[PDB]
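Before any comments, here is the structure.
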Amino acid sequence: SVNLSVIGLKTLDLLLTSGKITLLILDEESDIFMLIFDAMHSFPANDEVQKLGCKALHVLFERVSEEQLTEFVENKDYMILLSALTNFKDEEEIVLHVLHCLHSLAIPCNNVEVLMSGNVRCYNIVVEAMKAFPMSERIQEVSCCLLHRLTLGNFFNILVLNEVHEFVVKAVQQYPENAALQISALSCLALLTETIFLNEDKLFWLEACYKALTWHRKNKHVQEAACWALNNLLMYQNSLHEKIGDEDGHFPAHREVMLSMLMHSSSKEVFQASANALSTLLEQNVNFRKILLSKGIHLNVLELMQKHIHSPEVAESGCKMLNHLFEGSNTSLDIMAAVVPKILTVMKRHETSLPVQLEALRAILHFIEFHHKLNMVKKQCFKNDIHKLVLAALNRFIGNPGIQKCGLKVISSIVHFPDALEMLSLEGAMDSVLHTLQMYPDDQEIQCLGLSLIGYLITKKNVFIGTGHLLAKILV
Amino acid sequence: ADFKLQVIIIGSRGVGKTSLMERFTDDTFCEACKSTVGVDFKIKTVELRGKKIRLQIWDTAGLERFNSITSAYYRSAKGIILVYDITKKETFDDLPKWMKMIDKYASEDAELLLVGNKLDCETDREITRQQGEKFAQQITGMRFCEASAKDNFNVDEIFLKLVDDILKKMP
Ligand SMILES: Nc1nc2c(ncn2[C@@H]2O[C@H](COP(=O)(O)OP(=O)(O)NP(=O)(O)O)[C@@H](O)[C@H]2O)c(=O)[nH]1
Ligand SMILES: [Mg+2]
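Residue numbers (the authors' numbering), protein chains in the order written: chain A, 128 to 326, 344 to 512, 525 to 632; chain B, 39 to 209.
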């Protein structure tokens, strides 16, 4: 009924927007999707039969299944994609809904590889983003959300087809206000920046990410995505470290990253992204690692670690930020006195992950009358039991030679405190050094660092007869 | 959907891998087939041995600029095909170099299969059908079957006898 089916579809198009009749429509013996597909197969070449019908699948695909959705890629997607994109490569409403329904069914992982196959190629999206809408907001928003959804482990198709790693960038710089566009685009670009820089262009991400950092200030998701994309840009193209800064002609992006860290304090994800962002900021600058120190950001990141104490990722990132922050900073005794037991709390809260102790060990080194101050400092320090933490850490990780060097350096530093041969002998340390010495004999740096410790932890208890045979063999 | 397979297809430029790929899945031939610009899927699910087995064909490029890009897939490739031409012994005389790209990255269960392309005019071939059998002197994985994507000759038994032996290598 080529004139009575169209009005039936029009009734459907007005009916579906009410909602909750929708589940009743699905709960039927109609196979309503098969009805619509048989209709569209019956009536090609018709704006009303095509457009109203796609507007329907547009809202109808939101609640079907996961498996019938996974089933539908047999030949159903074929009807929608083919007819609409090809038959109607200039009908803006149709391609908008075609990208929308494709994005909706692009959810299950077993469908994405079908969508990125050779027969079904999801680069019609590019043809749409170029031709059908050079100046339409809704099409660009939906297409870029689709392209972010497509980024599974097959990155070297999307990036190698250079009509994706470029067109998304023009989409970002075109519309700087659509928030969904931002949280799709910058996430996609952070996931593709490594592979696109495995092959100026680096100027493109930076200004867009800076304006996105400033403008959509109140939102969390846009700034998690922004700090992520900026971090993953600068950590792969070092040449534009100089292109930012508080100086004229530059972007004071470090101020914005600090502010974004301060704002959405309750969310661990944005603090994680901002901490990695500030880390890679400080990693290739020396002016930055005095201002934030003067800006008191260390106490704030200590507070944030005190808040998200039950989460190891932000603990890793906070210790890492402290690492790059204190990288070459003179300090008063009150600083390290207040600081250290917080960090040991951070470690004994996450006493299981190598990286959360890798970066923390890499940071804690920097801190190690005024003598009375040092006396109470080290006494409360062993009260916070540094020595048990680090020695059991090396006990926990026969591997990870970085901490197997640095924590040894820490202990050799700490042994100049009067409790050492009391408390390293009220806890025991030397056998771990011996087990690591035989674990790492060939490493010259680990050998020489641990050898002075061997000379600093042998008392009459440890050199009691019989117990020195292993020490003799390992020394010779 | 029982298992998904990870066959790779490598070979020289313009030999016909992209030709031989779609002749097995889309069954379409075209003399004006554009050379592939990187790696590319081609999904296919075939039911065999009481199991609906999925298949991922990864057509690589072959050009020198795209040598490093394709390299990330051999360490995850289950089966490995090598395709080579017949007019061009130079497309044959780099098979150890292809093997150099194989041996540096292939896994333990890589069952090689050689295939001469375009068998329609083998009398004018620069390479004999026995030269590949003379090239078959490699390890026990290496097999051989001359074929043709134009004549659609034995294109299934290229993949089928491979994936049968692959599933035979499977427990
Ligand atoms: N006569 C004949 N010609 C063939 C056959 N297979 C391929 N060709 C020719 O070889 C050309 C090369 O096509 P193609 O599949 O891209 O070769 P390729 O080495 O896989 N190139 P790429 O991997 O870069 O896509 C085809 O266009 C076709 O003219 C065949 O079986 N017979
Ligand atoms: Mg080809």
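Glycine residues also receive a C-beta, built at the ideal position from the N, C-alpha and C atoms.
Check	Outcome
8 Å Cβ cut-off: residues of chain B touching residue 254/A	Residues of chain B passing the Cβ test: none, with the nearest at roughly 16 Å.
Cβ neighbours of residue 193/B in the same chain (closer than 7 Å, five flanking residues each side left out)	58, 61, 62, 185 and 187
Cα-Cα separation, residue 540/A to residue 381/A	42 Å
Counterpart residues of residue 278/A in DSSP-defined beta bridges	Answer by DSSP bridge pairing: none, since residue 278/A is not bridged.
Residue from 197/A, 192/A, 229/A and 191/A whose Cα sits closest to the Cα of residue 209/A	229/A
Residues from the region 77-107 of chain B in contact with chain A, defined by Cβ distance under 7 Å	77, 78, 79, 80, 81 and 107
Closest by C-alpha distance to residue 149/A, when choosing among 492/A, 396/A and 185/A	185/A
Beta-carbon gap between residue 467/A and residue 498/A smaller than 7 Å	no
Residue range of the unbroken alpha helix (DSSP H) whose run includes residue 539/A	526-539
Counted within 10 angstroms of its Cβ, other Cβ atoms place residue 311/A as buried (16 or more) or exposed	buried
Contact set for residue 401/A: own chain, Cβ-Cβ below 8 Å, skip 5 residues either direction	357, 371, 374, 418, 421, 422 and 425
Residue 50/B Cβ short of 6 Å to ligand 2 heavy atom set	no
Whether residue 127/B touches residue 164/B by CB criterion (7 Å)	yes
Rounded straight-line distance, which links the Cα of residue 75/B to that of residue 145/B	25 Å
Sufficient close CB pairs (3 or more, under 8 Å) joining the region 72-91 of chain B to the region 148-165 of chain B	no
Cβ contact (3+ pairs, closer than 8 Å) linking the region 434-445 of chain A and the region 391-405 of chain A	yes
Chain-ordered chain B contacts of residue 244/A [CB-CB under 8 Å]	79, 80 and 81
Beta-carbon contacts of residue 101/B that lie in its chain and below 7 Å, excluding the five residues immediately before and after	51
The region 66-74 of chain B contacting the region 608-616 of chain A, beta-carbon criterion three pairs below 8 Å	no
Alpha-carbon to alpha-carbon, residue 283/A and residue 107/B	8 Å
DSSP state of residue 160/B mapped onto helix, strand, coil	helix
Min CB distance residue 141/B to chain A below 7 Å	no
Segment limits, alpha helix (DSSP H) that includes residue 137/A	132-142
For residue 201/A, the three-state DSSP class (helix, strand or coil)	coil
Where residue 49/B falls: helix, strand or coil (DSSP)	strand
Validate contact between the region 146-157 of chain B and the region 170-184 of chain B using beta carbons, cut 8 Å, 3 pairs	yes
Below-7 Å beta-carbon distance, residue 241/A vs any chain B residue	yes
Contact check, residue 252/A vs residue 223/A, beta carbons under 7 Å	no
Minimum Cβ-Cβ distance from residue 282/A to chain B less than 7 Å	no
contact_flag[the region 581-597 of chain A, the region 540-552 of chain A] where n(CB pairs < 8 Å) is 3 or more	yes
Terminal residues of the alpha helix (DSSP H) in which residue 445/A lies	441-451
Sheet register partners of residue 136/B (DSSP bridge)	BP columns for residue 136/B are empty, so no partner.
Beta-carbon neighbours of residue 366/A, restricted to chain B and to distances below 9 Å	What residue 366/A touches in chain B: nothing, since even the nearest Cβ is about 32 Å away.
heavy atom of ligand 1 below 6 Å from residue 69/B C-beta	yes
Any non-hydrogen atom of ligand 1 within 6 Å of residue 100/B CB	yes
Beta-carbon proximity check, residue 133/A vs residue 176/A, cutoff 7 Å	yes
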